[PDB]
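Trainee: One structure follows; several queries about it will come next.
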Amino acid sequence: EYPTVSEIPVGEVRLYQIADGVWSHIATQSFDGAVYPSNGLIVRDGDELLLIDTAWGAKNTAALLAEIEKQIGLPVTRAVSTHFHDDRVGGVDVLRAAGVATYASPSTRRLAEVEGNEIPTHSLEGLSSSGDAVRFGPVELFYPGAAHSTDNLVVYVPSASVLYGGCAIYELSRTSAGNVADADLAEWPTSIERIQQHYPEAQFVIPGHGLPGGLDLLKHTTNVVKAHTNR
Ligand SMILES: [O][B]1([O])O[C]([C][N]S(=O)(=O)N2[C][C][C][C]2)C2=[C][C]=[C][C]=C21
Ligand SMILES: [Cl-]
Ligand SMILES: [Cl-]
Ligand SMILES: [Cl-]
Ligand code: NA
Ligand SMILES: [Zn+2]
Ligand SMILES: [Zn+2]
Ligand SMILES: [Zn+2]
């Protein structure tokens, strides 16, 4: 029942409950002449919510906050953006205006500034070196090394064994890489192996775009990234 790109109008947001207190959010956006779905995460944090990633733009992120209030009814108090691209930080200003404390690593904040993207307010400490992990409310944040971007973080939810890979992990339906202008293609397989070694118990793996699956999504992503390298 996970919603697909054809099932979400651009401008609307859907939520999918993965486990007790854990949801993904799904939005869509027009880019380069196609329409893409995009995922983020919502994790219950006591009587508050932690948001992982915007819904890819101001309009979608306003719709995200509305759908969260409608369907969950707890306040989003903190948000973490997992890298500097617009599907992760586009909408940070909407979050900020709604009273959400927005966070990213120092590397993400700097890259967003260089790129011209919205800049989360707070800086996460302890994520500057490959293999670093820190606990941030009900999730563990992990920097696996450069992959889809040099700053990409992944997010693990220990209570539910949910691994949110963000854009470093591809859905199975995606068999080609795409625009890897900001990617470190050469390091990406090693960074995926580091995720595999640090979170081998993950039961549910959420890619940045598209359908969730199991840990197979990690090997799939390596296969796709290597195939692109060889073109
Ligand atoms: O997913 B991103 O974080 O990564 C980059 C490059 N990905 S892309 O191949 O251009 N693409 C495929 C999925 C949607 C865009 C990006 C650019 C613009 C908006 C968002 C993103
Ligand atoms: Cl704040
Ligand atoms: Cl704060
Ligand atoms: Cl992508
Ligand atoms: Na990519
Ligand atoms: Zn990206
Ligand atoms: Zn603050
Ligand atoms: Zn993305």
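Convention: chains lettered A, B, ... in structure tokens order; per-chain residue numbering from 1; ligands numbered from 1 as shown.
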Counting only C-alpha atoms and all ligand atoms, which protein, DNA or RNA residues come within 9 Å of ligand 5, given as a CSV table (one decimal) with N, CA, C and O atoms, in the first residue's frame?

Mentor:
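The file below, part08.csv, is the result:
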chain,number,residue,atom,x,y,z
A,147,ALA,N,28.8,9.7,-0.6
A,147,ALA,CA,28.1,8.8,-1.4
A,147,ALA,C,27.3,9.6,-2.4
A,147,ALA,O,27.9,10.1,-3.4
A,148,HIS,N,26.0,9.7,-2.2
A,148,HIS,CA,25.2,10.5,-3.1
A,148,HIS,C,25.7,12.0,-3.0
A,148,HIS,O,25.6,12.7,-4.0
A,149,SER,N,26.1,12.4,-1.8
A,149,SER,CA,26.8,13.7,-1.6
A,149,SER,C,27.9,13.5,-0.6
A,149,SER,O,27.9,12.5,0.1
A,167,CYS,N,19.1,9.9,0.2
A,167,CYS,CA,19.4,9.8,-1.2
A,167,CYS,C,20.6,8.9,-1.5
A,167,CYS,O,20.9,8.6,-2.7
A,168,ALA,N,21.3,8.5,-0.5
A,168,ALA,CA,22.4,7.5,-0.7
A,168,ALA,C,21.9,6.1,-1.0
A,168,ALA,O,22.7,5.2,-1.3
A,169,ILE,N,20.6,5.8,-0.8
A,169,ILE,CA,20.0,4.5,-1.0
A,169,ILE,C,18.9,4.7,-2.1
A,169,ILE,O,18.0,5.5,-1.9
A,170,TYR,N,19.0,3.9,-3.1
A,170,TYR,CA,18.0,3.8,-4.2
A,170,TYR,C,16.9,2.8,-3.9
A,170,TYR,O,17.2,1.7,-3.4
A,176,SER,N,19.2,3.0,-12.8
A,176,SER,CA,20.2,3.9,-13.3
A,176,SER,C,20.4,5.0,-12.2
A,176,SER,O,19.5,5.3,-11.5
A,177,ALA,N,21.6,5.6,-12.3
A,177,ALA,CA,22.1,6.5,-11.2
A,177,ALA,C,21.4,7.9,-11.3
A,177,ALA,O,20.8,8.3,-10.3
A,178,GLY,N,21.5,8.5,-12.4
A,178,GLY,CA,21.0,9.9,-12.6
A,178,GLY,C,22.1,10.9,-12.6
A,178,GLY,O,23.1,10.7,-13.2
A,179,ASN,N,21.8,12.1,-12.1
A,179,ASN,CA,22.7,13.2,-12.0
A,179,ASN,C,23.6,13.1,-10.8
A,179,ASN,O,23.2,13.2,-9.7
A,180,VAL,N,24.9,12.7,-11.1
A,180,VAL,CA,25.8,12.4,-9.9
A,180,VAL,C,26.8,13.5,-9.8
A,180,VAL,O,27.9,13.3,-9.3
A,181,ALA,N,26.5,14.7,-10.3
A,181,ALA,CA,27.4,15.8,-10.3
A,181,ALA,C,28.0,16.1,-8.9
A,181,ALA,O,29.1,16.5,-8.7
A,182,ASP,N,27.1,15.9,-7.8
A,182,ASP,CA,27.6,16.2,-6.5
A,182,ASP,C,28.0,14.9,-5.7
A,182,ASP,O,28.4,14.9,-4.5
A,183,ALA,N,27.9,13.8,-6.4
A,183,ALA,CA,28.2,12.5,-5.8
A,183,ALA,C,29.7,12.2,-5.8
A,183,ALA,O,30.4,12.7,-6.6
A,225,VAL,N,25.2,2.0,-8.7
A,225,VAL,CA,26.3,3.0,-8.7
A,225,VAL,C,27.5,2.4,-9.4
A,225,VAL,O,28.1,3.2,-10.2

Trainee: Find the residues of chain A that sit at most 10 Å from ligand 7; for each, write down the nearest two atoms and how far apart they are in Å, to one decimal. Count only C-alpha atoms and all ligand atoms. Sort by chain, then by number going up, and give it as JSON lines.

Mentor:
{"residue": "A:77", "atom": "CA", "partner": "ligand 7", "partner_atom_place_in_ligand_line": "1 (Zn)", "distance": 9.3}
{"residue": "A:78", "atom": "CA", "partner": "ligand 7", "partner_atom_place_in_ligand_line": "1 (Zn)", "distance": 8.4}
{"residue": "A:96", "atom": "CA", "partner": "ligand 7", "partner_atom_place_in_ligand_line": "1 (Zn)", "distance": 9.3}
{"residue": "A:99", "atom": "CA", "partner": "ligand 7", "partner_atom_place_in_ligand_line": "1 (Zn)", "distance": 8.8}
{"residue": "A:100", "atom": "CA", "partner": "ligand 7", "partner_atom_place_in_ligand_line": "1 (Zn)", "distance": 7.8}
{"residue": "A:101", "atom": "CA", "partner": "ligand 7", "partner_atom_place_in_ligand_line": "1 (Zn)", "distance": 4.7}
{"residue": "A:102", "atom": "CA", "partner": "ligand 7", "partner_atom_place_in_ligand_line": "1 (Zn)", "distance": 7.2}
{"residue": "A:103", "atom": "CA", "partner": "ligand 7", "partner_atom_place_in_ligand_line": "1 (Zn)", "distance": 8.5}
{"residue": "A:121", "atom": "CA", "partner": "ligand 7", "partner_atom_place_in_ligand_line": "1 (Zn)", "distance": 7.1}
{"residue": "A:122", "atom": "CA", "partner": "ligand 7", "partner_atom_place_in_ligand_line": "1 (Zn)", "distance": 6.5}
{"residue": "A:123", "atom": "CA", "partner": "ligand 7", "partner_atom_place_in_ligand_line": "1 (Zn)", "distance": 9.9}

Trainee: Could you pull out the residues in segment 13-121 of chain A that DSSP calls helix (DSSP H, G or I) from the backbone, as an MDAnalysis selection string?

Mentor: chainID A and resid 58:71 86:89 92:97 106:115

Trainee: Just list the residues in segment 16-228 of chain A DSSP gives strand (DSSP E) on the backbone, as a PDB file with N, CA and C atoms, in the first residue's frame.

Mentor:
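Printed below is out_2.pdb as written:
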ATOM      1  N   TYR A  16       2.841   7.403   5.651  1.00  0.00           N
ATOM      2  CA  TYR A  16       2.752   5.950   5.688  1.00  0.00           C
ATOM      3  C   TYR A  16       3.338   5.490   7.009  1.00  0.00           C
ATOM      4  N   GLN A  17       2.526   4.827   7.835  1.00  0.00           N
ATOM      5  CA  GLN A  17       3.010   4.362   9.124  1.00  0.00           C
ATOM      6  C   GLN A  17       3.779   3.064   8.927  1.00  0.00           C
ATOM      7  N   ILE A  18       5.055   3.081   9.293  1.00  0.00           N
ATOM      8  CA  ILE A  18       5.950   1.930   9.186  1.00  0.00           C
ATOM      9  C   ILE A  18       5.902   1.062  10.438  1.00  0.00           C
ATOM     10  N   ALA A  19       5.819   1.683  11.611  1.00  0.00           N
ATOM     11  CA  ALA A  19       5.878   0.981  12.879  1.00  0.00           C
ATOM     12  C   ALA A  19       5.284   1.914  13.917  1.00  0.00           C
ATOM     13  N   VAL A  22       6.524   5.610  13.973  1.00  0.00           N
ATOM     14  CA  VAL A  22       7.448   5.843  12.859  1.00  0.00           C
ATOM     15  C   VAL A  22       6.651   5.892  11.569  1.00  0.00           C
ATOM     16  N   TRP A  23       6.794   6.977  10.828  1.00  0.00           N
ATOM     17  CA  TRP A  23       6.108   7.167   9.562  1.00  0.00           C
ATOM     18  C   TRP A  23       7.124   7.621   8.540  1.00  0.00           C
ATOM     19  N   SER A  24       6.836   7.371   7.272  1.00  0.00           N
ATOM     20  CA  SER A  24       7.450   8.165   6.229  1.00  0.00           C
ATOM     21  C   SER A  24       6.456   9.200   5.754  1.00  0.00           C
ATOM     22  N   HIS A  25       7.001  10.266   5.180  1.00  0.00           N
ATOM     23  CA  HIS A  25       6.226  11.229   4.429  1.00  0.00           C
ATOM     24  C   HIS A  25       6.650  11.164   2.980  1.00  0.00           C
ATOM     25  N   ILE A  26       5.669  11.297   2.097  1.00  0.00           N
ATOM     26  CA  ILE A  26       5.873  11.135   0.666  1.00  0.00           C
ATOM     27  C   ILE A  26       5.266  12.320  -0.061  1.00  0.00           C
ATOM     28  N   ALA A  27       6.060  12.942  -0.919  1.00  0.00           N
ATOM     29  CA  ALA A  27       5.644  14.075  -1.725  1.00  0.00           C
ATOM     30  C   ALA A  27       6.156  13.841  -3.133  1.00  0.00           C
ATOM     31  N   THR A  28       5.804  14.741  -4.045  1.00  0.00           N
ATOM     32  CA  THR A  28       6.267  14.658  -5.417  1.00  0.00           C
ATOM     33  C   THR A  28       6.681  16.034  -5.896  1.00  0.00           C
ATOM     34  N   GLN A  29       7.522  16.039  -6.924  1.00  0.00           N
ATOM     35  CA  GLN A  29       8.009  17.292  -7.446  1.00  0.00           C
ATOM     36  C   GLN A  29       8.368  17.130  -8.912  1.00  0.00           C
ATOM     37  N   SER A  30       8.192  18.211  -9.660  1.00  0.00           N
ATOM     38  CA  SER A  30       8.633  18.258 -11.043  1.00  0.00           C
ATOM     39  C   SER A  30      10.099  18.657 -11.056  1.00  0.00           C
ATOM     40  N   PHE A  31      10.910  17.886 -11.761  1.00  0.00           N
ATOM     41  CA  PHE A  31      12.321  18.211 -11.880  1.00  0.00           C
ATOM     42  C   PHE A  31      12.843  17.698 -13.209  1.00  0.00           C
ATOM     43  N   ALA A  34      10.502  15.643 -15.487  1.00  0.00           N
ATOM     44  CA  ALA A  34       9.825  14.447 -15.008  1.00  0.00           C
ATOM     45  C   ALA A  34       9.191  14.753 -13.665  1.00  0.00           C
ATOM     46  N   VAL A  35       8.376  13.828 -13.164  1.00  0.00           N
ATOM     47  CA  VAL A  35       7.846  13.912 -11.813  1.00  0.00           C
ATOM     48  C   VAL A  35       8.448  12.786 -10.987  1.00  0.00           C
ATOM     49  N   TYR A  36       8.995  13.146  -9.819  1.00  0.00           N
ATOM     50  CA  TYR A  36       9.641  12.203  -8.908  1.00  0.00           C
ATOM     51  C   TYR A  36       8.930  12.183  -7.572  1.00  0.00           C
ATOM     52  N   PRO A  37       8.823  11.021  -6.930  1.00  0.00           N
ATOM     53  CA  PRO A  37       8.413  10.976  -5.526  1.00  0.00           C
ATOM     54  C   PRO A  37       9.629  11.236  -4.657  1.00  0.00           C
ATOM     55  N   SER A  38       9.389  11.591  -3.405  1.00  0.00           N
ATOM     56  CA  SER A  38      10.465  11.811  -2.456  1.00  0.00           C
ATOM     57  C   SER A  38       9.964  11.499  -1.055  1.00  0.00           C
ATOM     58  N   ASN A  39      10.787  10.809  -0.264  1.00  0.00           N
ATOM     59  CA  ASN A  39      10.473  10.394   1.094  1.00  0.00           C
ATOM     60  C   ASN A  39      11.242  11.214   2.111  1.00  0.00           C
ATOM     61  N   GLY A  40      10.619  11.377   3.265  1.00  0.00           N
ATOM     62  CA  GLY A  40      11.325  11.696   4.488  1.00  0.00           C
ATOM     63  C   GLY A  40      10.770  10.844   5.606  1.00  0.00           C
ATOM     64  N   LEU A  41      11.095  11.173   6.846  1.00  0.00           N
ATOM     65  CA  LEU A  41      10.717  10.353   7.992  1.00  0.00           C
ATOM     66  C   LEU A  41      10.115  11.231   9.076  1.00  0.00           C
ATOM     67  N   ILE A  42       9.250  10.638   9.883  1.00  0.00           N
ATOM     68  CA  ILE A  42       8.694  11.274  11.069  1.00  0.00           C
ATOM     69  C   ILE A  42       8.830  10.246  12.174  1.00  0.00           C
ATOM     70  N   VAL A  43       9.387  10.649  13.313  1.00  0.00           N
ATOM     71  CA  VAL A  43       9.557   9.743  14.439  1.00  0.00           C
ATOM     72  C   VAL A  43       8.980  10.385  15.696  1.00  0.00           C
ATOM     73  N   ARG A  44       8.102   9.651  16.393  1.00  0.00           N
ATOM     74  CA  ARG A  44       7.530  10.170  17.622  1.00  0.00           C
ATOM     75  C   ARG A  44       8.614  10.303  18.676  1.00  0.00           C
ATOM     76  N   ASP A  45       8.627  11.456  19.329  1.00  0.00           N
ATOM     77  CA  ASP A  45       9.644  11.857  20.300  1.00  0.00           C
ATOM     78  C   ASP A  45       8.887  12.232  21.573  1.00  0.00           C
ATOM     79  N   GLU A  48       6.126  14.815  21.265  1.00  0.00           N
ATOM     80  CA  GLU A  48       6.502  15.661  20.141  1.00  0.00           C
ATOM     81  C   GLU A  48       6.890  14.773  18.961  1.00  0.00           C
ATOM     82  N   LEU A  49       7.217  15.402  17.836  1.00  0.00           N
ATOM     83  CA  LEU A  49       7.707  14.686  16.668  1.00  0.00           C
ATOM     84  C   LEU A  49       9.032  15.257  16.218  1.00  0.00           C
ATOM     85  N   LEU A  50       9.909  14.345  15.817  1.00  0.00           N
ATOM     86  CA  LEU A  50      11.124  14.663  15.074  1.00  0.00           C
ATOM     87  C   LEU A  50      10.898  14.402  13.592  1.00  0.00           C
ATOM     88  N   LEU A  51      11.153  15.414  12.769  1.00  0.00           N
ATOM     89  CA  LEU A  51      11.039  15.308  11.326  1.00  0.00           C
ATOM     90  C   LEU A  51      12.405  15.104  10.695  1.00  0.00           C
ATOM     91  N   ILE A  52      12.494  14.162   9.773  1.00  0.00           N
ATOM     92  CA  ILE A  52      13.695  13.972   8.962  1.00  0.00           C
ATOM     93  C   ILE A  52      13.348  14.392   7.539  1.00  0.00           C
ATOM     94  N   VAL A  76       5.569  19.059  15.548  1.00  0.00           N
ATOM     95  CA  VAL A  76       6.934  18.899  15.055  1.00  0.00           C
ATOM     96  C   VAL A  76       7.780  19.958  15.744  1.00  0.00           C
ATOM     97  N   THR A  77       8.743  19.521  16.543  1.00  0.00           N
ATOM     98  CA  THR A  77       9.573  20.446  17.285  1.00  0.00           C
ATOM     99  C   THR A  77      10.990  20.539  16.772  1.00  0.00           C
ATOM    100  N   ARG A  78      11.487  19.495  16.125  1.00  0.00           N
ATOM    101  CA  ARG A  78      12.833  19.481  15.582  1.00  0.00           C
ATOM    102  C   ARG A  78      12.796  18.812  14.221  1.00  0.00           C
ATOM    103  N   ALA A  79      13.693  19.245  13.348  1.00  0.00           N
ATOM    104  CA  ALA A  79      13.864  18.640  12.037  1.00  0.00           C
ATOM    105  C   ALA A  79      15.350  18.512  11.730  1.00  0.00           C
ATOM    106  N   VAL A  80      15.720  17.434  11.044  1.00  0.00           N
ATOM    107  CA  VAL A  80      17.085  17.194  10.590  1.00  0.00           C
ATOM    108  C   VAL A  80      17.037  17.034   9.089  1.00  0.00           C
ATOM    109  N   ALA A 101      12.663  23.733  15.213  1.00  0.00           N
ATOM    110  CA  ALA A 101      14.104  23.923  15.269  1.00  0.00           C
ATOM    111  C   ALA A 101      14.749  23.029  14.230  1.00  0.00           C
ATOM    112  N   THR A 102      15.385  23.644  13.249  1.00  0.00           N
ATOM    113  CA  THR A 102      15.944  22.948  12.102  1.00  0.00           C
ATOM    114  C   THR A 102      17.434  22.725  12.319  1.00  0.00           C
ATOM    115  N   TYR A 103      17.900  21.512  11.992  1.00  0.00           N
ATOM    116  CA  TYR A 103      19.255  21.053  12.227  1.00  0.00           C
ATOM    117  C   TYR A 103      19.851  20.450  10.963  1.00  0.00           C
ATOM    118  N   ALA A 104      21.164  20.586  10.830  1.00  0.00           N
ATOM    119  CA  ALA A 104      21.950  19.834   9.841  1.00  0.00           C
ATOM    120  C   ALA A 104      23.388  19.815  10.333  1.00  0.00           C
ATOM    121  N   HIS A 122      20.427  25.118  13.261  1.00  0.00           N
ATOM    122  CA  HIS A 122      21.333  24.515  14.221  1.00  0.00           C
ATOM    123  C   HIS A 122      22.326  23.600  13.539  1.00  0.00           C
ATOM    124  N   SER A 123      23.498  23.490  14.142  1.00  0.00           N
ATOM    125  CA  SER A 123      24.555  22.614  13.661  1.00  0.00           C
ATOM    126  C   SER A 123      24.660  21.372  14.534  1.00  0.00           C
ATOM    127  N   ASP A 132      31.063   8.139  12.080  1.00  0.00           N
ATOM    128  CA  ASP A 132      30.580   8.813  13.273  1.00  0.00           C
ATOM    129  C   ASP A 132      29.075   8.621  13.403  1.00  0.00           C
ATOM    130  N   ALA A 133      28.619   8.389  14.630  1.00  0.00           N
ATOM    131  CA  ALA A 133      27.201   8.280  14.925  1.00  0.00           C
ATOM    132  C   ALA A 133      26.897   9.085  16.169  1.00  0.00           C
ATOM    133  N   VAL A 134      25.732   9.710  16.176  1.00  0.00           N
ATOM    134  CA  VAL A 134      25.259  10.402  17.362  1.00  0.00           C
ATOM    135  C   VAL A 134      23.777  10.129  17.502  1.00  0.00           C
ATOM    136  N   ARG A 135      23.310  10.070  18.741  1.00  0.00           N
ATOM    137  CA  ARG A 135      21.886   9.925  19.017  1.00  0.00           C
ATOM    138  C   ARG A 135      21.224  11.291  19.173  1.00  0.00           C
ATOM    139  N   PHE A 136      20.118  11.491  18.449  1.00  0.00           N
ATOM    140  CA  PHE A 136      19.425  12.771  18.359  1.00  0.00           C
ATOM    141  C   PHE A 136      17.942  12.471  18.542  1.00  0.00           C
ATOM    142  N   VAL A 139      16.320   8.897  17.286  1.00  0.00           N
ATOM    143  CA  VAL A 139      17.052   8.293  16.173  1.00  0.00           C
ATOM    144  C   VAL A 139      18.540   8.339  16.447  1.00  0.00           C
ATOM    145  N   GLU A 140      19.268   7.532  15.688  1.00  0.00           N
ATOM    146  CA  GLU A 140      20.710   7.624  15.577  1.00  0.00           C
ATOM    147  C   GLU A 140      21.025   8.212  14.213  1.00  0.00           C
ATOM    148  N   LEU A 141      21.848   9.249  14.195  1.00  0.00           N
ATOM    149  CA  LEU A 141      22.340   9.817  12.954  1.00  0.00           C
ATOM    150  C   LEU A 141      23.737   9.274  12.707  1.00  0.00           C
ATOM    151  N   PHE A 142      24.014   8.934  11.459  1.00  0.00           N
ATOM    152  CA  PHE A 142      25.246   8.256  11.073  1.00  0.00           C
ATOM    153  C   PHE A 142      25.779   8.903   9.813  1.00  0.00           C
ATOM    154  N   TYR A 143      27.057   9.250   9.829  1.00  0.00           N
ATOM    155  CA  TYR A 143      27.718   9.732   8.626  1.00  0.00           C
ATOM    156  C   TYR A 143      28.534   8.588   8.044  1.00  0.00           C
ATOM    157  N   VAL A 154      22.667   9.160   7.146  1.00  0.00           N
ATOM    158  CA  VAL A 154      21.575   8.209   7.230  1.00  0.00           C
ATOM    159  C   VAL A 154      21.056   8.204   8.662  1.00  0.00           C
ATOM    160  N   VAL A 155      19.851   7.679   8.825  1.00  0.00           N
ATOM    161  CA  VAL A 155      19.120   7.769  10.077  1.00  0.00           C
ATOM    162  C   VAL A 155      18.588   6.399  10.442  1.00  0.00           C
ATOM    163  N   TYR A 156      18.886   5.950  11.661  1.00  0.00           N
ATOM    164  CA  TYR A 156      18.400   4.666  12.149  1.00  0.00           C
ATOM    165  C   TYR A 156      17.454   4.908  13.311  1.00  0.00           C
ATOM    166  N   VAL A 157      16.340   4.180  13.331  1.00  0.00           N
ATOM    167  CA  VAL A 157      15.356   4.259  14.411  1.00  0.00           C
ATOM    168  C   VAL A 157      15.477   2.973  15.212  1.00  0.00           C
ATOM    169  N   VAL A 162      14.331   0.591  11.753  1.00  0.00           N
ATOM    170  CA  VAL A 162      14.096   1.275  10.484  1.00  0.00           C
ATOM    171  C   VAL A 162      15.354   2.042  10.119  1.00  0.00           C
ATOM    172  N   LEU A 163      15.873   1.780   8.933  1.00  0.00           N
ATOM    173  CA  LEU A 163      17.005   2.508   8.384  1.00  0.00           C
ATOM    174  C   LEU A 163      16.501   3.415   7.271  1.00  0.00           C
ATOM    175  N   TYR A 164      16.620   4.715   7.475  1.00  0.00           N
ATOM    176  CA  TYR A 164      16.307   5.696   6.436  1.00  0.00           C
ATOM    177  C   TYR A 164      17.616   6.093   5.772  1.00  0.00           C
ATOM    178  N   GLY A 165      17.764   5.700   4.513  1.00  0.00           N
ATOM    179  CA  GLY A 165      18.998   5.929   3.799  1.00  0.00           C
ATOM    180  C   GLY A 165      19.116   7.267   3.133  1.00  0.00           C
ATOM    181  N   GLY A 166      18.021   8.025   3.050  1.00  0.00           N
ATOM    182  CA  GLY A 166      18.012   9.204   2.224  1.00  0.00           C
ATOM    183  C   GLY A 166      18.513   8.879   0.837  1.00  0.00           C
ATOM    184  N   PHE A 204      13.671  -2.581   7.877  1.00  0.00           N
ATOM    185  CA  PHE A 204      12.953  -1.773   6.916  1.00  0.00           C
ATOM    186  C   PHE A 204      13.946  -0.725   6.457  1.00  0.00           C
ATOM    187  N   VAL A 205      14.147  -0.614   5.150  1.00  0.00           N
ATOM    188  CA  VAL A 205      15.078   0.352   4.570  1.00  0.00           C
ATOM    189  C   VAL A 205      14.278   1.292   3.692  1.00  0.00           C
ATOM    190  N   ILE A 206      14.362   2.586   3.985  1.00  0.00           N
ATOM    191  CA  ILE A 206      13.628   3.616   3.258  1.00  0.00           C
ATOM    192  C   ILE A 206      14.615   4.378   2.379  1.00  0.00           C
ATOM    193  N   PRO A 207      14.455   4.351   1.061  1.00  0.00           N
ATOM    194  CA  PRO A 207      15.302   5.154   0.177  1.00  0.00           C
ATOM    195  C   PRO A 207      14.829   6.604   0.161  1.00  0.00           C
TER     196      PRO A 207
END

Trainee: Taking into account only C-alpha atoms, which residue in the set A:105, A:62, A:57, A:69 is nearest to residue 86 of chain A?

Mentor: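 Looking at the shortest contact to residue 86 of chain A, the residue is A:57.
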
Trainee: What does the distance from atom CA of residue 199 of chain A to atom CA of residue 88 of chain A come to in Å, to one decimal?

Mentor: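 Straight-line distance from atom CA of residue 199 of chain A to atom CA of residue 88 of chain A works out to 22.3 Å.
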
Trainee: From the set A:131, A:83, A:219, A:175, which residue has the shortest atom-to-atom contact distance to residue 153 of chain A, counting only C-alpha atoms?

Mentor: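 Ranked by minimum distance to residue 153 of chain A, first place goes to A:83.
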
Trainee: When you draw a straight line from atom CA of residue 112 of chain A to atom CA of residue 15 of chain A, how long is it in Å?

Mentor: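 Interatomic distance, atom CA of residue 112 of chain A to atom CA of residue 15 of chain A: 26.5 Å.
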
Trainee: Go through A:53, A:113, A:32, A:67 one by one, measure the shortest atom-to-atom distance of each to ligand 8 using only C-alpha atoms and all ligand atoms, and give the residue with the smallest value.

Mentor: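 Of all the options, A:53 lies closest to ligand 8.
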
Trainee: How many Å lie between atom CA of residue 189 of chain A and atom CA of residue 138 of chain A, rounded to one decimal?

Mentor: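 Rounded to one decimal, the two atoms are 27.5 Å apart.
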
Trainee: Between A:212, A:11, A:158, A:90, which has the minimum distance to ligand 6 (counting only C-alpha atoms and all ligand atoms)?

Mentor: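 Among the listed residues, A:90 lies closest to ligand 6.
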
Trainee: So which one's closest to ligand 1, A:75, A:3, A:208, A:46? Using only C-alpha atoms and all ligand atoms, please.

Mentor: A:208

Trainee: Given only C-alpha atoms and all ligand atoms as the basis, pick out the residue of A:82, A:229, A:191, A:221 nearest to ligand 6.

Mentor: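 With only C-alpha atoms and all ligand atoms as the atom set, the closest residue is A:82.
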